[PDB]
Every structure is written in structure tokens, then in C-alpha cells.
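*Asks:*
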Amino acid sequence: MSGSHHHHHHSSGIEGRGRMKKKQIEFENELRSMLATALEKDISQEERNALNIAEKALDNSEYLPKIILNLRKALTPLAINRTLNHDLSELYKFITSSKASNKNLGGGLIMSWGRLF
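Here the numbering used here is used: the first residue of the sequence shown is 139, the next is one more, and so on.
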């Protein structure tokens with residue numbers, strides 16, 4: 139059958155076991171599928187570098203605020219310098235407006251990096 143039989147056991151894994159202890163399953167699925175699509179999109183050395191750093195930290199459990207900060211710290215100066223490929227502009231809009239918002243999703247003073255505050 140040629141329909142959805144190939145759709146079984148997604149590479150972008152989704153569970154609520156001991157990654158932290160709990161989490162958001164649907165929003166993590168939504169973001170990590172979009173970022174997996176964003177790797178399959180044509181990205182240059184620097185944009186690839188940020189999203190490869192993203193994979194290794196995501197699966198090392200180095201935190202959702204920390205990695206939302208990481209993409210907003212890595213992609214915002216490249217946006218201002220006008221060299222981001224911009225073909226995942228919706229991902230940049232996503233971590234500021236979807237459920238995760240402005241700062242990250244929780245707020246708080248990060249210190250040091252206040253170029254856009």
C-alpha cells in the first residue's frame with residue numbers, strides 16, 4: 139500500500155521519560171520536526187553549525203530555555219548582518235510567537251547579552 143505505511147517510528151522521537159523528568163511533548167515534537175526539516179533545507183556553514191550544536195545539546199539535555207537562547211543568540215546577529223538564508227524564518231518567528239515567546243517562554247534576566255532588550 140502506497141499511502142502512510144512509511145509513516146511509522148519517526149526519527150524525531152517524542153516521549154515523557156527521564157530526559158529531564160517530565161516535559162512538553164507536543165511543542166517539543168512541533169519544534170524538533172521543524173528543525174529536522176530545517177537541516178533538510180539548504181543551509182550554509184554557519185547556520186548548519188548553529189543547528190548541529192542544537193542536535194548535540196537537545197539530546198545532551200542542555201535545556202529548552204538554553205537552546206532557545208542559543209538560536210536567538212546565534213541567528214539574531216546574522217539577521218542584523220543580513221546573511222541568514224531566511225528559509226526557516228517561521229522557526230525564528232516560532233520561538234518568539236507560537237507558545238514560546240520574546241525572551242524564551244519563562245522570562246528572567248540572562249545578563250551580558252542585551253543587544254536587543
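Where a beta carbon is used, it is the ideal one built from N, C-alpha and C, also for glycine.
(1) Using 10 angstroms around the beta-carbon of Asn242, count the other beta-carbons present and answer buried if the total reaches 16, otherwise exposed.
(2) Assuming the contact rule is C-beta atoms closer than 8 Å, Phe255 and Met172 should be a hit. Round their C-beta distance to whole Å, please.
(3) Just how far apart, CA to CA, sit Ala238 and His144?
(4) DSSP on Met249, reduced to helix/strand/coil?
(5) Are the CB atoms of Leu226 and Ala192 within a distance shorter than 7 Å?
*Replies:* Judging by the given coordinates:
(1) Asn242 should be labelled buried.
(2) With a Cβ gap of about 26 Å, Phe255 and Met172 do not count as contacting.
(3) Roughly 31 Å separates the two Cα atoms.
(4) DSSP, reduced to helix, strand and coil, places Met249 outside both helices and strands of the structure shown, so it counts as coil.
(5) Not in contact: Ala192 and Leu226 (Cβ atoms no closer than 7 Å).
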